[PDB]
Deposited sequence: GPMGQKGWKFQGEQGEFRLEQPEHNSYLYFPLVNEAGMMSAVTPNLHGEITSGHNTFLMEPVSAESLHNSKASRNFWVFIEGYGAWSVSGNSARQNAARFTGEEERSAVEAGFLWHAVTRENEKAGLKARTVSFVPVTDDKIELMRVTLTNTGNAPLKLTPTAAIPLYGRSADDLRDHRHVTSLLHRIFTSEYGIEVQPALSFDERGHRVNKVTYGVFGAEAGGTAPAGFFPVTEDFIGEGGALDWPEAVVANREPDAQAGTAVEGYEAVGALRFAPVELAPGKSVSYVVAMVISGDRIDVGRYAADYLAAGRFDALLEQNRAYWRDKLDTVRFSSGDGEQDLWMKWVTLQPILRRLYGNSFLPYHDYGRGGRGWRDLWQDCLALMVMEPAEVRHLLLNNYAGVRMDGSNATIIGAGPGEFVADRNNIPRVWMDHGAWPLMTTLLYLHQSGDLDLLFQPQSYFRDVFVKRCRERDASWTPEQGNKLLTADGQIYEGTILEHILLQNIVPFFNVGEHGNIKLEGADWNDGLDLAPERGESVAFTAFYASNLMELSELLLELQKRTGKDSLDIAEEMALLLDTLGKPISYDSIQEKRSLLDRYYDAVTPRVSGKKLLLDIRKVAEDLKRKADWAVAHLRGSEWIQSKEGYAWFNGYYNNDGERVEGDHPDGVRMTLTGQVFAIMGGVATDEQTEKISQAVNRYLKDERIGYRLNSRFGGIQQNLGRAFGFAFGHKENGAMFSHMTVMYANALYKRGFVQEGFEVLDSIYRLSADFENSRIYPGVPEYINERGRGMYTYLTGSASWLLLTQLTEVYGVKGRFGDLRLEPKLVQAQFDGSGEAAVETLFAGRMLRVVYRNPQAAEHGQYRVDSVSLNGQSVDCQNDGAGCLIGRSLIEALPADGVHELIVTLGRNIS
């Protein structure tokens, strides 16, 4: 029995939720409170790597640690009882068929745990959410209801175990750092403000304060406190069976008590209460992180006063509804439409958690990587576009003059940090892809001619050597001969990122793997490894760049490109061409370029004919396409055929026939298809090979087939068990990209199969054991792993919107090109998407009254708010017609399909 959606806004319910290991749900705000909550109220609460309110956890902690959030009721005639079932007594009923009835319900963005004590006649409902205010705070409301025939006498105790320091102290100096604790009680609760912090930052004064406060529903303060963990649990006790609750002790402390040197717990004893039959009492608990001592009075008024929890919960619901209403799908698959709303949430979660601080994500420290800078723009372009232009510009400051980039992202806009060395060969590919998407959604072609600096640190020639001339006095920006900061166009940056890899070839003529590509686990072939997979991506990028430049001339009238003089060496088609068949000549020309720009550029720029640069780019792209088709197209003895993706550190071809089974990678196929290196015939054959070697009937499209044992000339990924992480799991991000590539090329039935498999696997709860959303991967047992924060959600959202429903920009104009299959249309012959375009909410409704399959339909007519529209692949609508619409409301655009 999996979860079931309730209503039409994505709310779900799961019965007996704690009968599933490892479940958790995210609660977060922009202010920076980051929490996870499990069905028994375990998880974690933090504002950062150094400021955990609750103990840092990984997945095994969710069952193995007793320190959940808790709320206790000492019931007369029964004794101690946890509202979430986390007591030794209640846990002892697991697997005996005597378990209490329980449920989780959740929505955007809140979580509710219910439990029933049939013996005592008591029901509890505990609602958790992070308010969308400017405070780092999580709220909990516990409502107790008497379901029996006679009055119940109850003594309530909230208990939030506190940690209140860096994850660095989890074990290392865990005890020593407890001696630094200072606990302060006041009318509404408990503050912990360690005197000092001891962690990897060193030994420093601390002012950060962690608070647990509470009140009855009417605002009445707690009767008293047990702020010291060892006194709360008692001698030989534990947090799932604490003496203070179990023996119903009188409180240890009242308001104004200070205690030093002990682990703390936010244990708030409320007044005993007599609850009438059928009636309820409620309690609100607040968990707070602040930069200094907390103004507890203000927090009590804002969060604990009567009615504040309920008003703030409504405000949370309206804020999240508003964020997620920017993309809505409506089809014949009602369940998948609602599942997609959870997918739509995920890119926001990734931003707000910094890919960290959820139980599986046990290594992240909340930062951003280079890839995140570009990937975060995908969801924002369709959900919240105002910020994207400034983000893209800032990102290009990270590029070095050798096409590589900074890999540590700083605090400020366009701030990058030099490393106290690894190059990922794919890092140069993603920016053009993201930037092109922006250009097509916005029509803002002038972005390309904005000025920007280049990043500079000790590492030169793509981190192959240290610059001898470097000091602290150079700074973090590339300098000219005359000592000025060099600035080049965004387009110059883009050109550099794509043309440098073209020349950076290995002994088999494909682009070097360097420290890894997209697959972070292919890290053991920096000397001789090659990523054929991303050679296809760079080949495609160069071709798109050529087309872009010619379209810039055709649309803008622009005839020249301002480029650093030294870059002319790499555009050899304009001067003395080299042979692209010669590895030696390509490498030598690249070395000449590196020499010309290290340590400084001249600062002089050449103006080059935009058509002649385009011709140089097309020559590069054509050479690469021909080389991949002629040299890297492989076949097994059985007769399946596909593209080799890799060479290993011994210069050996990775893919093809092998002892113990054929070796194939999904990554080696995706960009060949997406970018056009693969012909239509090759693409059909690749899809057959993928289905034959990679498509598992239990777990879907694997990232790779099985390589037996560790592969120390290729990557650490192969030390993972087969079916997990980057070793042969269904890795959602790559599988979505595969589907995207198929749809792009017109392989719609094949693309549909891929996307539908991701949904079906994710939603098959008996195996996946996850809440609605797309996980990072589906593993060898069919379990969903590393939930919520995966970049796959961005790609899934984008693919559904821009490929499947086919609502996308073309140089700022709106293009409609549906790739919906017949089964996707609802009972009235309709499928619809609501989406933001050119600053307006559109509801694009596709009508298929003849019930034609994809390939048998075309666009017959388009109407916009009840007037007929002109339509210039598919149908194209000028941007001015969208912009002339009113700002408020959803404007209906009806596309009628016929045979």
Inset, instruction - List in ascending order the stretches of the deposited sequence, numbered from 1, that lack C-alpha coordinates. - result: 1 to 5, 426 to 428, 881 to 883, 911 to 913
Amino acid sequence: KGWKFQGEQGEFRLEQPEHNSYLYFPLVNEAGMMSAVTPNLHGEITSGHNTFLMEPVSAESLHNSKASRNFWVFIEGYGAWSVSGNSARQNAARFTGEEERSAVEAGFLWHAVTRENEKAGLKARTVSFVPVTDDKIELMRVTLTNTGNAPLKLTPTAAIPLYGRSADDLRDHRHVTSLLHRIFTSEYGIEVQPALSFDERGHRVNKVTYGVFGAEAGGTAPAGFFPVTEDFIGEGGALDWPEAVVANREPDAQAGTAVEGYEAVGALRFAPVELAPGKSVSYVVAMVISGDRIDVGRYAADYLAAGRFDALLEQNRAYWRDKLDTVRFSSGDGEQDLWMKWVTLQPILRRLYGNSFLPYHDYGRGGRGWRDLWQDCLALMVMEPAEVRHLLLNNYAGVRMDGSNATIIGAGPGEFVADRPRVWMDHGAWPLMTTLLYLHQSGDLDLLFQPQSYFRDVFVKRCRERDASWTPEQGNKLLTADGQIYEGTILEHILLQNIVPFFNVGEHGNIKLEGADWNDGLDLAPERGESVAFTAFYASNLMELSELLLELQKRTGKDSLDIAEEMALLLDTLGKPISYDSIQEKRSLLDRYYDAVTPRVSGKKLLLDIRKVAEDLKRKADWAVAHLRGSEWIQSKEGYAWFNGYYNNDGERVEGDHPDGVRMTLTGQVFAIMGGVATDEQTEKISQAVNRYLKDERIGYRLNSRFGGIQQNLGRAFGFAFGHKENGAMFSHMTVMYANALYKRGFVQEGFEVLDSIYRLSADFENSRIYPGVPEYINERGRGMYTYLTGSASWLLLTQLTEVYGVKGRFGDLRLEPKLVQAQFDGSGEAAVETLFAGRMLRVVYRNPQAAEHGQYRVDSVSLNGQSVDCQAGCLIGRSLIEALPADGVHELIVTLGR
From here on, numbers count along this sequence of modelled residues.
Inset, instruction - Read off the CA B-factors in the entry, average them over 758 to 766 and over 454 to 462, and name the higher stretch. - result: 454 to 462
Legend entry - Per the entry, higher mean C-alpha B factor between 423 to 431 and 89 to 97: 89 to 97
Inset, instruction - Just grab whichever of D337, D199, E514, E566 has the top CA B-factor as deposited. - result: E566
Inset, instruction - Specify which of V748, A167, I578, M287 carries the largest Cα B factor in the deposited PDB entry. - result: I578
Legend entry - Third of chain Cα B-factors occupied by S404: middle
Inset, instruction - State the tercile, meaning the lowest, middle or highest third, of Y283 with respect to the CA B-factors recorded for its chain. - result: lowest
Inset, instruction - Using the B-factor values recorded in the entry, state whether the Cα atom of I673 falls in the lowest, middle or highest third among the modelled residues of its chain. - result: lowest
Inset, instruction - Taking the values exactly as deposited, rank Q553 by C-alpha B-factor within its chain and report the matching third: lowest, middle or highest. - result: highest
Inset, instruction - Please rank the C-alpha B-factors of the chain's modelled residues and tell me whether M140 sits in the lowest, middle or highest third. - result: lowest
